Every structure is written in C-alpha cells, then in structure tokens.
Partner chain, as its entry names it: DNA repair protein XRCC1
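Take a look at this single chain in structure tokens; it is the form solved without the partner chain.
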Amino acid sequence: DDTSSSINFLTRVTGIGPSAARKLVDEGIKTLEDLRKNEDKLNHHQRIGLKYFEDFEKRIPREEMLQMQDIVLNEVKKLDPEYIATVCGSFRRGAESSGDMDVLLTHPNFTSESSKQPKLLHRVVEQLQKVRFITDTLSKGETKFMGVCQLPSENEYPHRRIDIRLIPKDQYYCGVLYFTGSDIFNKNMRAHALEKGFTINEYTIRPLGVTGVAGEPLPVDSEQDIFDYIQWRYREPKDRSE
C-alpha cells in the first residue's frame, strides 16, 4: 500500500537494504525528513547516503568523468608509477553519462599469492582525501573502498559515488574485462570461451577438460591475452555493447 510505498522509498537510500528498510518502518520511520530526524538509528554508511540522497540521484556526464578520471590517475602516478589504475563502467565503453565511478587498482607487488596489503589501497585513499577529491567514506575494507568524491570547485558539483577496488595483479585483466561489461557482452564472451574449451570468470581464465569440472588459470598479461586464448579478434571497449 501507500506504506509499502514507504519501503520503496527508504530503499532508495544507499546503505538502506530491505530488512534494514523494514525495521525502520517498524519504528515509524517512512519519509526522509523522518530519517533526518533519526540519524541515530542509521549506520555510518546509511547516514552518508542519506546526506547525499539527492546528489546521488544525478547522473554524471562524461565531461565530469573525464576530469575525475584525471585527478585519480594523476595522484596515483605520483605515489608510485608502478600502480595501475583503470576506470571501468560504461564510461570506459564510451558512455555519454555514468552513475558512479569505478576504479580497479593493482600493483605488481600484490598477487593472488600475497593477499594482505591494505596499505596499498589505503595510501591512495589517503592521498585522494588529502587532495580534497574524496569527501567521505561509506565503508572501507582491505581490498575495497566505497565513498564519496567531488570535483574541485573554482567558485558547485554534486557529490558522486566512487569505488576503488584493489585486485591482485595476476587477475587484474579478467577484472577490468569483467567490470567493463557490458553484461551481454560478458555473457556472449563467456559462452564462446566455453565452445573453445575455456571457462572465464571475473578473476581467471582456465582451460576445461573431461567431465568439465576442470581448471588451472592461464597467465593473463593484458585484456588482449583473454581474447587470444579464445582466438577472437580483440574488441575495443567501445564495441562491447554485446
């Protein structure tokens, strides 16, 4: 009803999951002004999403992505030019507008064998904060950061959603591929690989076998490699709609 209508609303709130939404409905919380009057029952993630509720409903136009992407690439490079960072999302595909920003990061010192290097990701976050680009943090893991950013004002820009993920170097390309999309694309590509005797996921490419349940990840130094393995002409992100 006009009240379910209320669960529908809350849930627009980043951080506000159903279960999560439901309870707040049981507390008498339904509108947003409700929410603001009740910051104390929301977690850190939900507060922030509440705080930028509107801004978050706004799309990001390419022009801004471009600048955002430059700020990020640039800071990273100063920290250690050995780091590799790529912005995925339809944006990499050439998209005219975006909803948020996705940066996949990596570094040769961090391979799927190490597994334990928070500092590599935190140091970038720190730098991005110290430069005034990232303005807030929703949550921050050892391998993933989710927060808020804003383009520097000269005089203002809405706050945007930014995610930065640290992936091991030996699995970075499957990830970039993976997060670049599109969805169909991945699908048709995974389908084909199979016909070629390979199984791909967001982390590896592995040859099949008898009965099927087979494996052992093939070395991948670029996105190009995955296309070679299945012997398909390379496809520039822009041609990845399907």
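Rigid core here is just the name for the largest C-alpha set that superposes within 1.5 Å across the two forms. Residues that one form lacks are left out of the comparison. Numbering follows the first chain given and starts at 1.
If you look for the form solved in complex with the partner chain, you will not find it shown, but the lines that follow are about it.
Looking at 38-46, 175-183, 54-62, 210-218, the stretch with residues near the partner chain in the deposited bound form, meaning non-hydrogen atoms within 4.5 angstroms, turns out to be 210-218.
Looking at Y203, you'd find every heavy atom of it more than 4.5 angstroms from the partner chain in the deposited bound form. Contact annotation for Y229: at least one heavy atom lies within 4.5 Å of the partner chain in the deposited bound form. Taking the core as reference, just one block of three or more adjacent residues between the shown form and the other one has all its Cα positions offset by 2 Å or more: 1-5.
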